[PDB]
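Values quoted throughout were computed directly from the atomic coordinates according to the rules given, and no laboratory measurement underlies them. Cβ placement follows ideal geometry from the backbone for every residue including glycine, while neighbour counts extend to all protein chains displayed.
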There are 2 protein chains.
Amino acid sequence: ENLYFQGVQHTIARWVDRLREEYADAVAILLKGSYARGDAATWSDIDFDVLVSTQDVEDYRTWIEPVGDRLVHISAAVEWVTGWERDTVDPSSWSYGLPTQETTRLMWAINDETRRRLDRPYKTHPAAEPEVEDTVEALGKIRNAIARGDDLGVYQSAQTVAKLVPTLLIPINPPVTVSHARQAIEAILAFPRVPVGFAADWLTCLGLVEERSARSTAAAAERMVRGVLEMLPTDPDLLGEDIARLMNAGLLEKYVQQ
Amino acid sequence: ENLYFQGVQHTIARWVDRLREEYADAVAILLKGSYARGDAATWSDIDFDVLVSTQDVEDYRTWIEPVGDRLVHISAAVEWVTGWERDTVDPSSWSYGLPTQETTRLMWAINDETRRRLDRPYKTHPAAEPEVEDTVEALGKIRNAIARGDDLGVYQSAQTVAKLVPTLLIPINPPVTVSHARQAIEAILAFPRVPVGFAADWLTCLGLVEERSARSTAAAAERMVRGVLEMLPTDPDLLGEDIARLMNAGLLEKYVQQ
């Protein structure tokens, strides 16, 4: 409803001043999340970052505030400005390893130098590093769980495989970044260079499907892992020295197939 | 098979001495995971922590080694001893937030003082803090996804709810005993103080089930979140000051129910 969303827009404007007046050490206030992206819906939160000059500060504030006859959830992450700026070097936790553009809309800054540095459309994060070993380890756990008839073990370790395989596909696919978790699913399903079965198998292993069995899930995991390992260049800086050597020696393949 | 597992036992002993030779700065070597617990199976890896006296070493080694007519996957996490000891203060990433007893079997140490300090049956890790706000946010995302007919969005955000709920239940349940990820599932399913429908609903939301729909998943998430929230004590030390105040004011309930 237009009145609700106009109301939220007004709440956002009011909150900028409220945050300034509460945090004397604030140097910048940025809108984040759904309302920063322009894709919010009824239950979306209003998210702010409040960057302060006070070192090693890290608090999380929550409000629940009336907008007409509704209540909206407001969150503010209060953080040392420098620590906030530095986390651009760390991969996001929510993108299945994909590099991200964490949407930022600067609402207020204390001075010209700060405002210039922080008036950007997003903060970037790099891709997570490939985890070949942990992928293979998880496939072994799936095999063990099948052998002992432990369906939950198969489902759980298949989720591990599904969380790690995108780290392996990222380097061999065209570059893609995402701004939120739901889009990470879209981007990964869209990868053009993937092993046989991938799109369907990835959802099966991640446990984002209507129906599956332990047998069908293990088979999906097998296809993904066997498939992706065949598609990687033997680059020791990308995959690890031991891993690249084991691949060239034919040992990784022999281990998987024995 | 007996012959294989006997061979693995001999391999483990041999490898500890190989690692001692390779890492002249080693002070302790510990066996981890399934072979340390004594519950290994065919595809289990031999996992070592190699603790060294050199600061800021952090390497991950992999070997694939013959044991009779099979190949076994061996791993070694090579880490500064002090860094490894210190991480007992950090929650585990693999336990859905539950405190852990990370199994360790000391296979060698450089002197008796190091043995006295490090020869323990496990290294503990504390529970992750309750995340009330993020749980509510995820439920909101489920609602938004239902509203737009995005089944994958429902399944994805229901996983978020499921990953966060055990953190809420920890403080109202007796302490749990968890040494590996599969046992974390067993412990959570066994929590005595839980809302109606919990064990089934938790598996449904995590995705670890044979059959579900967007409708049934959302209904499970609603039951679980509403159920857990009404069981939480409104303790600011536990949940955070704002969250406790909002719950006491009835605002969180009003928000969820509106």
Need one number: the % of Cα-Cα pairs in the protein assembly as shown sitting beyond the 41 Å mark.
25 percent
Just to confirm my numbers, what's the Cα centroid distance between region B:86-124 and region A:1-52 in Å?
44 Å
Restricted to chain B, the DSSP antiparallel beta bridge percent, nearest 5, is 75 percent
Calculate log10 I(q)/I(0) of chain A for q = 0.09 Å⁻¹, where I(q) comes from the Debye formula with a single equal point scatterer on each Cα and nothing for solvent.
-0.55
Which of B:144, B:111, B:173 moves most in a GNM of chain B, Cα contacts under 10 Å?
B:111
With θ taken as phi - 60° and the coefficients 6.51, -1.76 and 1.60, list the Karplus ³J(HN,Hα) couplings across region B:213-227 in order, rounded to whole Hz; mark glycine and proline as x.
10, 4, 4, 6, 5, 4, 5, 5, 4, 4, 4, 5, 5, 4, x
For region B:38-53, in residue order, the Karplus 3J(HN,Hα) values (coefficients 6.51, -1.76, 1.60; θ = phi - 60°; whole Hz; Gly and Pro = x) are x, 10, 5, 9, 3, 9, 5, 8, 8, 10, 10, 9, 10, 9, 10, 7
Pairs to check: A:32/A:141; A:32/B:123; A:123/B:163; A:123/B:32; B:163/B:254. Give those whose C-alpha atoms are more than 29 Å from each other in this structure.
A:32/A:141; A:32/B:123; A:123/B:32
Note on region B:1-47: C-alpha Rg/Rh, Kirkwood Rh, two decimals, gives 1.01
Over the Cα atoms of region B:1-128, Rg to Rh with Kirkwood Rh, two decimal places?
0.97
So what are the ³J(HN,Hα) numbers for region B:17-25, from phi and the Karplus equation (6.51, -1.76, 1.60; θ = phi - 60°), rounded to whole Hz, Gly and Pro as x?
5, 4, 5, 4, 5, 6, 10, 5, 8
Charge dipole (region B:1-128, unit charges on Cβ, about Cα centre) - positive-most of B:93, B:80, B:124
B:124
Inter-label distance, nm, simple model (7 Å from Cα along the C-beta direction), residue A:117/residue B:193:
4.7 nm
Evaluate the Debye formula for region A:129-258 with equal point scatterers sitting on the alpha carbons, no solvent, and hand back log10 of I(q)/I(0) at q = 0.11, 0.13 Å⁻¹, in q order, two decimals.
-0.37, -0.52
Can you list residues from other chains, or at least 5 along the same chain, whose modelled amide H is less than 5 Å from the amide H of residue A:104?
A:122, A:123
